[PDB]
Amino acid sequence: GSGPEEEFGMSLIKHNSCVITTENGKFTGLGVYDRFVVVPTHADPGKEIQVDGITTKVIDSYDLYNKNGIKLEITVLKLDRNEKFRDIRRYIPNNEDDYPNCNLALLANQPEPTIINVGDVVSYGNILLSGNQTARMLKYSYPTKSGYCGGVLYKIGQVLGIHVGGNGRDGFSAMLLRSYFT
């Protein structure tokens, strides 16, 4: 793609993504609004992180859980930094759904901002991700790689999830829902 789906993704990368460095490596971070960023929980961000290489204090953080206490693999961080992210909450769905023809927007661990077409996405339920129960997964059939974590799953005008894992054949994102941020 070089048309609208790719273009919406590149704009999303430029305005609402960042590279988050923790002790566990580099992750694509999604800026949701103001100083709030999401990252995969397994990034294990501490009291300080790097945001695009800049040491940055985390004012607060919290992990998300489903109704039975199962991790969603999303962590919300509020960052001590001057820059504010453009508010993309209106692009986040209200409800779980399936989505045809999705892309992933990748920044961390890539030589340049990268957009991948992962194809059709389904709401898959709970999985075991490195042995740990994880809820509200979105599944796609694409051979994702180790550096894709935090990558933003999207369609035009829809910010759907963040990449959390895979097995070489299937890829999984944590679902983003508007109520998490509102």
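All residue numbers are counted from 1 along the displayed sequence. Here the rigid core means the biggest group of C-alpha atoms that line up within 1.5 Å when the two forms are laid on top of each other.
- In terms of root mean square C-alpha deviation after superposing on the rigid core in 5 other deposited structures of this protein, the stretch standing farther out between 149-157 and 61-69 is 61-69.
- Take 132-140 and 119-127, fit the other structures onto the shown form by the rigid core, and average the C-alpha distances in 5 other deposited structures of this protein: the farther stretch is 132-140.
- When 159-167 is weighed against 21-29, 21-29 comes out higher, by mean CA B-factor as recorded in the entry.
- Two stretches are in play, 47-55 and 143-151, and the higher mean C-alpha B-factor belongs to 143-151.
- Across 68, 126, 41, 61, the greatest Cα temperature factor reported in the deposited entry is at 68.
- Among the modelled residues of the chain, residue 75 sits in the lowest third by CA temperature factor in this PDB entry.
- When the modelled residues of the chain are ordered by C-alpha B-factor, residue 121 sits in the middle third.
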